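Observations on chain architecture
Residues per chain, in single letters:
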Amino acid sequence: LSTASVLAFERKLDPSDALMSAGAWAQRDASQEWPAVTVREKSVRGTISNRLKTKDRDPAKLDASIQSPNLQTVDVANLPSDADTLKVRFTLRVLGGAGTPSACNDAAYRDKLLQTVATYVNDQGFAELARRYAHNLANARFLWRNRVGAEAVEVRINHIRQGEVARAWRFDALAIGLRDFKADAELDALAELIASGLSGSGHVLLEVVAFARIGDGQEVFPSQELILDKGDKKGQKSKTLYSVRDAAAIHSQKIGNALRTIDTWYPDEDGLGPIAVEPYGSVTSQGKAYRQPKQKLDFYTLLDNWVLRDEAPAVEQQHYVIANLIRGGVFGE
Amino acid sequence: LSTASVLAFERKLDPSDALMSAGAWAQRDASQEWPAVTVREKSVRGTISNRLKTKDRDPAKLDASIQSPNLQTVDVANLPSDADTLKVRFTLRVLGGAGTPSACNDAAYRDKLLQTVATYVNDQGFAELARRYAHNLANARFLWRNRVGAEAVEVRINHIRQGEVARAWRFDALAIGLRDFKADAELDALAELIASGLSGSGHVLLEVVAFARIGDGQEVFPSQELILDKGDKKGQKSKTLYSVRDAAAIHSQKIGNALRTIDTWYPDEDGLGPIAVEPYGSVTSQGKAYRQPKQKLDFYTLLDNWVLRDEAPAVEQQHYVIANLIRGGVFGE
Amino acid sequence: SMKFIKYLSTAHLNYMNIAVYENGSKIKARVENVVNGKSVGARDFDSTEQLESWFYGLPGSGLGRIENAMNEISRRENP
């Protein structure tokens, strides 16, 4: 058997864009009406700070650079001066059916993949993966830099059965760790809800709301946009923040990245911690791709061994391959 | 006597471009005014997770390629954050008399085809094809990726005579199944109305209104505008969505392809579900060449057998041929 | 014999970047798709110092500057 020339997987655990708004702590119970954080605009005069080439380490060149203007315009997002917390809400659909590809050529590779994922599910459920996704919902990984240096963070998760809420949860994102994975009653209830959602045995719709007590007027961090500073008139603003109508927003894929930070068996070490699930699993923000294909832990290697040749890897790498299938992607040649 | 070489069967059951709007569930009854979903803009920083070679590629080149991000720009479309229902509205002209073409060489072949289509109108008017078109209208095949993950899908179908209504059905696309085709009294009524509408008995004009609870802020999927990109003009942009005057729309081609899933007796398989009805009938996404021309079960060779040799296979193959001529297209090279 | 040196940017743009090859005593700049290696236009150079004086002489800052670079190389050089 040869693997197909076209593979595809739709994503499960698909979130929406976050919506940031600010208000007061101990008023977060009545928070359906808080005004949204807006993206304003300020001016910055920079400086000479990058490394010199050491061929330009002259007195006169540095003095001309210091007399030279470095005026820029950037976007900033702050709280109002009387608000000290940040409300962030988004919804999350849990689809299920996480073994069936949405596009395939080979009808034999398709059926082999189906009973391979099926004997994974029969061997053990989605319980460990849903435990780790319930952890990344429990703490506030989707608050990326907003969590860093916060007084107290709190996460509210509701289950939406109809127009009315069915099941609720109330967490503490600082006491619940960021480094390991633990057990608790409400964590295991949320993990079993996610595990029932991933096995096609129900419809799960979760809205998640996070509150981060930072301080009055501090700088919140919406996600930043890609702009090409080319040669237009006089230079434009050099930092664009993502927004929607009258509200500063985090992208959906940034929250989706912060949910799938699961992997703890990339072959480097346990000193760093969990990284995001990824084929050729690469933390690009530190420029190093862990799980290189020069070892035998790459996702394509594990897939082509465990589906074609029917040799099973360790249980931890089985969790890695099923989390890759839940992620979605463009697989095949 | 040979047959005509230049033939052009024409379009029939023409749907309009489906427009999308957004509002709240259970207030969908008095909804003719919902604001249109519009295509927004955002930026993407991703890794490179596609398959990579081990021949004729340097190790340093792939280490530099995986560890460096990819900064593309894509289009999206979401619901508003207080609106959880995707409304899809489109109209459907049902013309009548799709038997004869209007591009013929041979006059003897043309009125011979008139003889056999008057034979089919004589013995039994359009019944099982009308069943299958009314049942594809009954579920939400026109909702392609909008269907899966929704907890409640409704189809409302009105009929047009003047500035007034003639009949108001109501179809539950979750209760009505996806695969096994059945019949019910409202489905009998709609299939009878468009059964009259197919055999040239007059004029039938429908408009179909759909609703779907997905959740506030979630991703909708309008169709994608194509671009060639063969070599040069690579581009900063990817994923160009399709639009109309300030709205997010679905193409007529793909909602028509959603209407034309009829054939359950294709010779490759019969339990995987129906495929698209076309000459050399094979779905594009799978890529497997279903309905190989080297059997007698095409539209080409089967029509050449059925109009000259005057023989016939079982009645279902003739239902496929009549669905081919209601579809339209080109017969001959 | 074209030994790879470096990519010209930190980030890829649309799976597209500029690879730098050492072609003898000259030096090559190819506009390559990073996942399959399909080149859509190259330009000869000799020294890395003049190549950087050409690249930093382009209008723009960062990915806009390498957009200018790929638009400059990706057109046919006139006779």
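Structure determination for this entry, per the PDB record, employed cryo-EM and reached 3.1 Å resolution.

1. Details of the packing of aromatic side chains
Applying the stated criterion to the full structure yields 20 aromatic pairs over all chains. Relative to A:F331, the ring of A:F9 lies with its centre 5.7 Å away and its plane at 50°, an arrangement referred to as tilted. One end of the pair, A:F9, is in strand β1 (residues 7-9); the other, A:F331, is in strand β19 (residues 329-331), with 322 residues separating them in the sequence. Owing to a relative accessible area of 9%, A:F9 belongs among the buried residues under this scheme. The interplanar angle of 85° and the centroid separation of 6.4 Å between the aromatic rings of A:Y120 and A:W306 together place this pair among those described as edge-to-face. Pair noted here: A:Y120 is in helix α2 (residues 107-123) and A:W306 is in helix α6 (residues 299-309), with a separation of 186 residues, a long-range link. When sorted by exposure, A:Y120 lands in the same class as A:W306, which is buried. One aromatic cluster is present, formed by A:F9, A:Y280, A:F299, A:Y300 and A:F331 through successive ring pairs. The ring of A:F181 has A:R132 sitting right over it, with the charged end atom 4.7 Å from the ring centre. Lying across the ring of B:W144, B:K254 places its NZ or CZ 3.9 Å from the centre.

2. Some remarks on the domain arrangement of chain A
Residues and elements named next belong to chain A. The assigned domain composition of chain A is domain 1 (1-10 + 98-125 + 262-333) and domain 2 (11-97 + 126-261). Using only C-alpha atoms to locate each centre, domain 1 and domain 2 end up separated by 28 Å. In this assembly, 23 residues from domain 1 lie in contact with 21 residues from domain 2. Together, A98, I262 and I326 form the three largest contributors to the area buried by domain 1 at its contact with domain 2, with a combined 38%. At the boundary of domain 1 and domain 2, one finds one salt bridge. Here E278 makes a salt bridge to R260, at a shortest N to O gap of 3.5 Å. If you look at where domain 1 meets domain 2, you find five residue pairs in polar contact. Broken down by secondary-structure element, the contributors of at least two residues to the side of domain 1 that touches domain 2 are α2, β15 (261-263), β16 (275-276) and α7 (315-327). The biggest single contributor to the side of domain 1 that touches domain 2 is α7, with five residues.

The rules behind these values
- Residues numbered from 1 in each chain as written, not as in the entry; some residues may be left out.
- Chains lettered and ligands numbered in written order.
- Part of a larger assembly, values for the part shown.
- Heavy atoms only, no water.
- Residues with missing side-chain atoms left out of burial classes, pairs and counts.
- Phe/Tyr/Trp six-rings, centres within 6.5 Å; stacked < 30°, edge-to-face > 60°.
- Helix = DSSP H or I, 4+ residues; strand = E, 2+ residues; numbered from the N terminus.
- Buried < 20%, exposed > 50% of the residue type's maximum accessible area, 1.4 Å probe, protein only.
- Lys NZ or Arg CZ within 6 Å of the ring centre and 35° of its normal.
- Domains from an automatic or database assignment.
- Contact = heavy atoms within 4.5 Å.
- Buried area = accessible area lost by both parts, 1.4 Å probe.
- Salt bridge = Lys/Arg side-chain N within 4 Å of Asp/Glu carboxyl O.
- Polar contact = N/O pair within 3.5 Å; in protein donor to acceptor, adjacent residues only side chain to side chain.

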